[PDB]
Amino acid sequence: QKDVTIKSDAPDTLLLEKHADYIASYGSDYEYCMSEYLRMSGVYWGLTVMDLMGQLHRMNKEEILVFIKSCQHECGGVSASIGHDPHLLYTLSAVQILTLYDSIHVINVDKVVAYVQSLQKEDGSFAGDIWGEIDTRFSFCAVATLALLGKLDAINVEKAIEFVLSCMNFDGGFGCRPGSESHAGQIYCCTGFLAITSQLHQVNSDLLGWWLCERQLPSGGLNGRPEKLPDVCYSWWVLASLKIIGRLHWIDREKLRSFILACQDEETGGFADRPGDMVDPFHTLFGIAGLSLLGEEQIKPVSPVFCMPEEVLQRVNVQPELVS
């Protein structure tokens, strides 16, 4: 019953020029200086959404490559920003960016692989960094990073699969760790993981697909778990997961499209989590990426596994089979 009501004057058309201006100008400032701890991922979100819109050239390639090189530590891992500490999250982000730019050899790839390998535990799980936080988010970061580098064989794949499957729940979904409640974010990470490792036959697609399509609320937006408000980000995680398991048609595509469009800020550009809220780059990528999955003609096709343009993944020959 918790939901939003979309007002009748909410945006109902795609404002592509405004979103490109919003991202191109971003970080030209309170929230910017305060979000330095996630800068590498912020850069990934910005560049990917620009590339999906055909506008990647407006960003500063040379500046970003130097920044990435300066963020790789002696252990091989990459930090969110200069002087911050290395983490799998920002290592994935960096490798995604370099793949977008066909510039993977700007960093030491052997050392990246060594770093990823070092974070796997006896049970097949992955810690995010040396301090030991375990999350299936990090299993996805590990295999997605290695897949993009052609080095999936560097980790213990069957153990990594066993751990992820040990996180499957009564409702067909997945949480952070064994016994964790199902959540759209972790379902995206685990279904993406199983796509990359060729294990989608182990998902109960009809059951999980039902849980996922029940995320759609009367407003047309999707929540991230039962009895919560809809959000553009959870919405992308749900849609991508459905696409991976061949059941994207189980949600009402026109109603979701209208919800996503209503989250645009027509003055500043950008997408917010919900209509009327303040926009950010994170929700801007997921709004645009969601629309692409729903078949919007003005946006490039997006990979539901990697959240990057399909044409980039085609180029490097990394395209996991889906259950369609």
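For clarity, a rigid core is taken as the largest C-alpha set superposing within 1.5 Å between two forms. Each residue number is its position in the shown sequence, starting from 1.
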query: RMS Cα shift after core superposition in 9 other deposited structures of this protein, winner of 31-39 and 256-264; finding: 31-39
query: More shifted region, core-based fit in 9 other deposited structures of this protein, 229-237 vs 113-121 by CA; finding: 229-237
query: Stretch exceeding the other in mean C-alpha B-factor - 298-306, 312-320; finding: 312-320
query: Comparing 29-37 with 65-73, the one whose average Cα B-factor in the PDB entry is higher; finding: 29-37
query: Lowest, middle or highest third - CA B-factor, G128; finding: lowest
query: Third of the chain's Cα B-factor distribution that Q96 belongs to, per the entry; finding: lowest
query: Position of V43 among the chain's modelled residues by C-alpha B-factor, lowest, middle or highest third; finding: lowest
query: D252 CA temperature factor, ranked by third within the chain; finding: middle
query: Chain-wide C-alpha B factor ranking for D135, given as lowest, middle or highest third; finding: lowest
